[PDB]
Amino acid sequence: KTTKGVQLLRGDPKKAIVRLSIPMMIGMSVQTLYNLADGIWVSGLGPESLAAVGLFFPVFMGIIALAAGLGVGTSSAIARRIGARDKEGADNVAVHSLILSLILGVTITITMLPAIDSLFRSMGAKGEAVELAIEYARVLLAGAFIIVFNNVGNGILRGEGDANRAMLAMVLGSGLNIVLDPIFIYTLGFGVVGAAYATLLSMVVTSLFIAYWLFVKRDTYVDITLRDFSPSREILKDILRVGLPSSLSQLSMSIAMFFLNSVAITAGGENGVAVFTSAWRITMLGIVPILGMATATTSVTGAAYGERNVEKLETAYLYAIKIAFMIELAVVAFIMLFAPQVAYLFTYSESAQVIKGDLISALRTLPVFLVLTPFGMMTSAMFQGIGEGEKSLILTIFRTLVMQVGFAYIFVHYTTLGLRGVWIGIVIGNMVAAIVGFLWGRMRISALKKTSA
Ligand SMILES: [Cs+]
Ligand SMILES: [Cs+]
Ligand SMILES: [Cs+]
Ligand SMILES: [Cs+]
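- Per the deposited record, determination of this structure is attributed to X-ray crystallography, with the resolution reported as 3.495 Å.

- One UniProt comment on the chain, placed under Subcellular location (unreviewed entry), says "Cell membrane".

Observations concerning the overall build of the chain
- On a plain count of helices and strands, the chain comes out with 18 helices and zero strands.
- In terms of C-alpha radius of gyration, the chain reaches 22 Å, essentially the compact-globule figure of 22 Å for 453 residues.
- Within the chain, the fraction of its 453 residues that count as buried is 54%.
- Here the analysis covers contacts within the chain between residues at least 6 apart in sequence; of these, 82% occur between residues at least 24 apart.
- Of the roughly 20500 Å² of accessible surface on the chain, 67% is carried by carbon and sulfur atoms.

As for the packing of aromatic side chains
- What the rule picks out here adds up to 14 aromatic pairs.
- Ring geometry for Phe258 and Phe259: centres 5.5 Å apart, planes at 50 degrees, overall tilted.
- Classification of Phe259 as partly exposed rests on a relative accessible area of 39%.
- Grouping aromatic residues by their ring pairs yields a cluster made of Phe56, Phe60 and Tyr136.
- Across from the ring centre of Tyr221, 5.1 Å away, lies the NZ or CZ of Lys87, which sits over that ring.

Description of the packing of helix 3 (residues 47-83) against helix 7 (residues 144-159)
- Their axes nearest at 7 Å, the elements helix 3 and helix 7 cross at an angle of 25 degrees. The orientation of helix 3 relative to helix 7 falls into the category roughly parallel. For the pair helix 3 and helix 7, the sense of crossing is right-handed. Listed contacts from helix 7 to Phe60, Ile63, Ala67, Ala68, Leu70, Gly71, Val72, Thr74, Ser75, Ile78, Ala79 and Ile82 of helix 3 are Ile147, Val148, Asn151, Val152, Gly155, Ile156, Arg158 and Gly159.
- Among the residues making up the contact of helix 3 with helix 7, the classes are represented as 13 nonpolar, six polar and one charged.

Section: the pattern of salt bridges
- On inspection of all chains with the given rule, the structure shows 17 salt bridges.
- A salt bridge links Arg81 to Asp86; the nearest nitrogen and oxygen atoms lie 3.8 Å apart.
- Judged by relative accessible area, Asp86 falls into the partly exposed class, the value being 31%.
- Put simply, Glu388 and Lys391 hold a salt bridge, and the shortest N to O gap is 3.1 Å. Here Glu388 and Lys391 have matching classes, each one buried.
- Bridged by salt links that share partners, the residues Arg241, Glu388, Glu390, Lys391 and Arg444 form one connected network.

Section: the environment of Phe57
- Note that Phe57 resides in helix 3.
- Along the primary structure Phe57 and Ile116 are separated by 59 residues, whereas in three dimensions their C-alpha atoms are 13 Å apart.

Comments concerning the environment of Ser392
- Relative to the elements of secondary structure, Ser392 occurs in helix 17 (residues 390-413).
- If we ignore the near neighbours within four places in the chain, the residues touching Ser392 are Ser249, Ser380, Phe383 and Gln384.

Criteria and cut-off values
Residues numbered from 1 in each chain as written, not as in the entry; some residues may be left out. Chains lettered and ligands numbered in written order. Heavy atoms only, no water. UniProt positions renumbered as here; feature names shortened; annotations may be inferred. Helix = DSSP H or I, 4+ residues; strand = E, 2+ residues; numbered from the N terminus. Rg over C-alpha atoms; globule rule 2.2 N^0.38 Å. Buried < 20%, exposed > 50% of the residue type's maximum accessible area, 1.4 Å probe, protein only. Contact = heavy atoms within 4.5 Å. Areas by Shrake-Rupley, 256 points an atom, 1.4 Å probe, with all protein chains shown as cover. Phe/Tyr/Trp six-rings, centres within 6.5 Å; stacked < 30°, edge-to-face > 60°. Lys NZ or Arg CZ within 6 Å of the ring centre and 35° of its normal. Axes fitted to C-alpha atoms, helices over the stretch in contact; angles between N-to-C directions. Parallel < 35°, antiparallel > 145°, perpendicular 65-115°, else oblique. Left-handed = near helix turned anticlockwise from the far one by under 90°. Nonpolar A, V, L, I, M, F, W, Y, C, P; charged D, E, K, R; others polar. Salt bridge = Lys/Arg side-chain N within 4 Å of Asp/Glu carboxyl O.

Put into structure tokens, the structure is as follows:
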């Protein structure tokens, strides 16, 4: 009466990390290929049409930070019960989270829909760029509960080791969205608002398959049934303890990106922001694989934390850092060698402004930080696995807003490095946060050996 995702989740910690990471890397690859190709479609629409997405993109990131945030907290809570062999509790958590996905998604829609016209006019935009963004937001905000349900539902699969179907749910939504984008935007001539319907229909098809697995097939490990009674303020707090900080982590990382561009303004003008933007867009080739192992670390370490197997937890937390470090080592060495080739496809295709000199030198300096992020992300994933999610938020605020932002402000205003000193500061800043992250992790690991012995 045990599923294969669960049996894999409770088994070998080293095997569970590899087996649950590879599906998550593939799913986010399709999500990255969507976001990559979508920009190529929307940019070829016009000037005031490209600004309409720019006004809504922060609103989109905010909703995703809430949906995926609630998804991470749900996945962790279910993973700890399954580790503790508390299926009745893991069932109650799955029902609790699905009820929250309905409450949260409706709250996002009733809140945002009024405060849209006043929000998009705050940046001073007016006319077509505002009216398009208002219509573009009216589409994706009408189906907010689908975005939350798709994230919570995907988290219920990852919580019980079902990373396979949790990957399929991602490739189904993003795959259709890659296909539906040029058809709705160009072939049918819907325009920029067509990209909001391609996303909506894609997430609608995904929601049906998730609901088909959770309520019709019911082949998941958890029993999602409202038949009995168990409203738990304890479970509600346990889900939100990882949920709310994970959302604020995305906000903290976002605010940190806003300051780095303002430092890139002072460092090397306006295209220095474009060189900066084109630089970290390339580093997504390395951030995506880590995000995969981050989702697997949370469910594996949480499964060990629920099983009260601290050695299994530590063996998993260290193995996740070692594997991620070697995958980035290959990614960094690949991007750093063929850097003039990666920039060739990123800046010279548009002969409107050549910025190959600064982007190439940044690709030999910035991707150095990709080998240090596993020390901070696996730590954040391990704090989320054991439930102590506020520690992941503290580690993120220190890494982004303090170390990376601080080292970039100092290496520009108080040195002669200039624009290249921005990438120097982010690497050195992330390097100091790697020490703090990796040490905080192993320090938290030992505290649980004391509590159990
Ligand atoms: Cs988008
Ligand atoms: Cs509607
Ligand atoms: Cs079941
Ligand atoms: Cs200066």
